[PDB]
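Trainee: Can you read through this structure? Questions will come right after.
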Amino acid sequence: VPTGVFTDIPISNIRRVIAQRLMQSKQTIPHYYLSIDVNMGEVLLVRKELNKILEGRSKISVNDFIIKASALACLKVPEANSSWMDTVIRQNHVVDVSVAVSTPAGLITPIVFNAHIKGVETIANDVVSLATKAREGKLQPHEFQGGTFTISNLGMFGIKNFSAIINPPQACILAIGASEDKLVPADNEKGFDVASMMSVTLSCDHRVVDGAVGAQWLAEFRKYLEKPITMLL
Amino acid sequence: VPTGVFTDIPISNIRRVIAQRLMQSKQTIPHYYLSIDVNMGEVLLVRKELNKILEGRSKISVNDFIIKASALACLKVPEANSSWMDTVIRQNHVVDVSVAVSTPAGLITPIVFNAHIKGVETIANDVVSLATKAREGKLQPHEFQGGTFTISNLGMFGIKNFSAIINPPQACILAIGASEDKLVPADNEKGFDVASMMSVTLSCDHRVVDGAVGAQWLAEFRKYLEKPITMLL
Amino acid sequence: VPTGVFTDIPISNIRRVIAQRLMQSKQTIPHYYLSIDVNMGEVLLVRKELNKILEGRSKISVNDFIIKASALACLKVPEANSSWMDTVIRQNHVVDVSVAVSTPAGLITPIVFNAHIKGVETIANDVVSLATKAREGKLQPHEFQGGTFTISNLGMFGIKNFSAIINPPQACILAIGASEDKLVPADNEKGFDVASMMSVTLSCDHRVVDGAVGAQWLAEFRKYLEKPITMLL
Amino acid sequence: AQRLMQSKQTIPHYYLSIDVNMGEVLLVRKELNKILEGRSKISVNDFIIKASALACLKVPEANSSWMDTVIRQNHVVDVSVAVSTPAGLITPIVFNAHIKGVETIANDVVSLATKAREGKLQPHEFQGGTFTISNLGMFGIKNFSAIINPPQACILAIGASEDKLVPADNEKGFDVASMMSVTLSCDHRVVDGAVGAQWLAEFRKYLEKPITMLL
């Protein structure tokens, strides 16, 4: 008797429901993507600085900065953060940043609450928080639901760029890669030294967001990435 | 009493209709994209030359050249320019190039009439024309309707690449970025000087166009971009 | 009397059926793509070596190596190769690699039978086989049907990257470009010599495959591309 | 002869001649032909014809027909060509060459030459042309006078490009560039000197940078 084995796997309501919602999301939302890169080198040194003071309690990650610039980017241009209500549109002034966490169980969407107000002593322990209670499955689904948008970084493994999933009624969400040194010609002649540009990919629905605007979200966004000090006053 | 403000915005028949048509466009058309870049440096110098003579009346832009090569590219390979009629297909020998104009009101699709015949003294004042009457809203929708295909450049703000919208029954449309100097290794050793490659992104429906052919449209297209003199005889 | 000519072309059951199946494929499958590049230089020299012995009978191509690494990549991670059965999923332990052949007639999907077992004296004459009987149309459709996945290289003409079609119930399929020398900074200072990175683009359905896993398929895949000797024991 | 006679008596034929450097255009011939050798070969005259069409597109006053009581001003441009054959003069007519690209006009001229050499082309396709063009310079004639045919206002006759001295700011190098003799005819009852002369002005301006035909 021959081969041809395969596996019929019972599916979990997590996968099943996420699939039923993401499907109608696709059929409803003409997903398109926008991707760019920005040099975090000065921001990485800001990570070694802010962490050279803050090692005393907690550790910081770069993604938190990208999230911060994402919030304020919406504060200056609310047109970026919006929800599709069908007959009308939901434009959210309150900014709650969801995050895509990589766990063996599956995709998790911990929601950040008004991160734009939080400082350097808050958002870190908040992300580490949602990761804490998320890894144990203690976080309730409702705190994974209702988020205005989300953010996901799969680049930890080195993916140049890629396509992600959004969820309704979330207009736009960002997906980030791994910063890879690229050649920027310099006025310094011999030194060509390459700086790492962190891949930043954003999604939008043309029935809600339009290209020029969100593209602007990435324009002033990346402008914040150049000098994160732009967030202070 | 708390926050959570947002805006319910009444939508204009422009947006609404464009959305109803683009939706069924998506569901009907499996949109896929093809993108490449070509050096306009010699073509830019052709802009400083043709404009060093033609400054006397009007000014020229680079996009007009890309449009010209797009027309002739269809003249040599009509399979590129076609319309989907369902039961049959509409293959257009007459080439009318629509253009995507950026205006505060919204997206505008000024249609060019037989640009492939027009010279250096025509297409310029024609694009500037449709921009003139388009900015005032004087152009009638029918002159924004019926175009075989369209072209859009959002790269003016520096977007590397991106995804655009087509409209039925338009098989393919092109979207252009901003030319950014990239490293081309040279036989001249020390000089590595980078030339600006203008991002050129084209869309096609596999139910109409096939990959190899349109890809050829970009092959002989870019071949025209190398030596635009290929359009003369 | 005026112009406006076009062509109403009768469509062949090949095109028609492929369109009816690929359509519902799209509507059903939220197609997304993943693309990367790997240096084949050492693998190309392995082509000049394996061919310096094997010229005596047959000639070898690089794509066959990519296919081989694709098979074993599924052998180590079966989650990559699977079929969507709706109510359940079809996970195929038997690996049959379809190939996309470019012919004037149209797209052809010659199916390879258990290529992972075959050596350097088999897969070559097998691909050349399916190309032989495929060019004459002798291959029956059933040998073009039922394949777990497929692979297509359109890069022979120089396309950087692009979007391809899968067919149900095939979860993932790969599309390859042309290897183009890119700058990799070296510890050797003056020599910057660029190595050709072959564009490798893979597709997946999120209702079946998930990003991290397939991305891993490309991770250990490319790891095989570094040292194809990893396939021996 | 009967038609050209009354043409003369009716038309006060006068001529206008100039020269333009095709060197860059010749290198464009080695380039366009370094790609296009795969199928067909290209000739320089086709470029002159192309610039002639567009020259009329920008200034329609150049291309016109004399209807007597009124004048025939043709927006549709059909370029006739004078072919040298043992039988005699042949006037293969090109159909809307201004639209055609680099892959068309060549095989079209080679076409009319093909069916023309066999005498297969019908006279009507040698008749009705708005104007014509003739190059006898292949044998080295500096300049010369040609024939037009009614109701064709203007027609061009070309010689052979011969290197002439152009003083340069580069001092020692005087290297001469070949200026292709271009001779045009006009009837003062239809065309006027300044205008057609302009046809040659922007024409030659196109000859400097044929890329001016692209957009």
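FYI, residue positions are counted from 1 along the chain as it appears here.
Recorded method for this deposit: electron microscopy, 6.0 Å.
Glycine residues also receive a Cβ, built from the backbone N, Cα and C atoms like all the rest.
The following feature annotations were taken from Swiss-Prot:
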| type | residues | note |
| --- | --- | --- |
| BINDING | D:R29, D:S43, D:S134, D:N135, D:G159 | CoA binding site |
| MOD_RES | D:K34 | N6-acetyllysine |
| MOD_RES | D:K41 | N6-succinyllysine |
| MOD_RES | D:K115 | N6-succinyllysine |
| ACT_SITE | D:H188 | active site |
| ACT_SITE | D:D192 | active site |
Trainee: Work out how many Å separate D:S43 (CoA binding site) and D:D192 (active site) at their Cα atoms, rounded off.
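Mentor: Per the Cα atoms, D:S43 (CoA binding site) and D:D192 (active site) stand 31 Å apart.
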Trainee: In which DSSP state, out of helix, strand and coil, do we find D:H188 (active site)?
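Mentor: In three-state terms, D:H188 (active site) counts as coil.
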Trainee: What does DSSP assign D:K41 (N6-succinyllysine), in three states?
Mentor: coil
Trainee: Looking only at D:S43, D:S134, the binding-site residues on record, which one has the least crowded Cβ, with the fewest other Cβ atoms within 10 Å?
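Mentor: If we count Cβ atoms within 10 Å for the binding-site residues D:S43, D:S134, the smallest count is at D:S43.
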Trainee: So which of the recorded positions is most packed in, judged by how many other Cβ atoms lie within 10 Å of its Cβ, out of D:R29, D:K34, D:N135, D:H188?
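Mentor: Neighbour-count leader: D:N135.
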Trainee: Where D:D192 (active site) and D:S134 (CoA binding site) are concerned, what is their Cα separation in Å, rounded?
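Mentor: Cα-Cα, rounded: 21 Å.
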Trainee: How far apart, in angstrom, are the most distant Cα atoms among the CoA-binding residues D:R29, D:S43, D:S134, D:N135, D:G159?
Mentor: 20
Trainee: Expressed to the nearest Å, what is the distance separating D:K41 (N6-succinyllysine) and D:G159 (CoA binding site) at their Cα atoms?
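Mentor: Cα of D:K41 (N6-succinyllysine) to Cα of D:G159 (CoA binding site) measures 21 Å after rounding.
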Trainee: Across all protein chains in the structure, which of the modified residues D:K41, D:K115 has the highest Cβ count within 10 Å?
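Mentor: The largest 10 Å Cβ neighbour count belongs to D:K115.
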Trainee: Please report the distance from the Cα of D:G159 (CoA binding site) to the Cα of D:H188 (active site), rounded to the nearest angstrom.
Mentor: 24
Trainee: According to DSSP, which of helix, strand or coil covers D:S134 (CoA binding site)?
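Mentor: Note: D:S134 (CoA binding site) is in a strand by DSSP.
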Trainee: Taking only the recorded positions D:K34, D:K115, D:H188, which one has a CA atom nearest to the CA atom of D:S134 (CoA binding site)?
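Mentor: For D:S134 (CoA binding site), the closest Cα among D:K34, D:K115, D:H188 is found at D:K115.
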Trainee: About how far apart, in whole Å, are the alpha carbons (Cα) of D:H188 (active site) and D:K34 (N6-acetyllysine)?
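Mentor: So the alpha carbons of D:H188 (active site) and D:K34 (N6-acetyllysine) sit roughly 43 Å from each other.
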Trainee: In whole Å, how far does the CA atom of D:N135 (CoA binding site) lie from that of D:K34 (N6-acetyllysine)?
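Mentor: Checking the Cα atoms of D:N135 (CoA binding site) and D:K34 (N6-acetyllysine) gives a distance of 25 Å.
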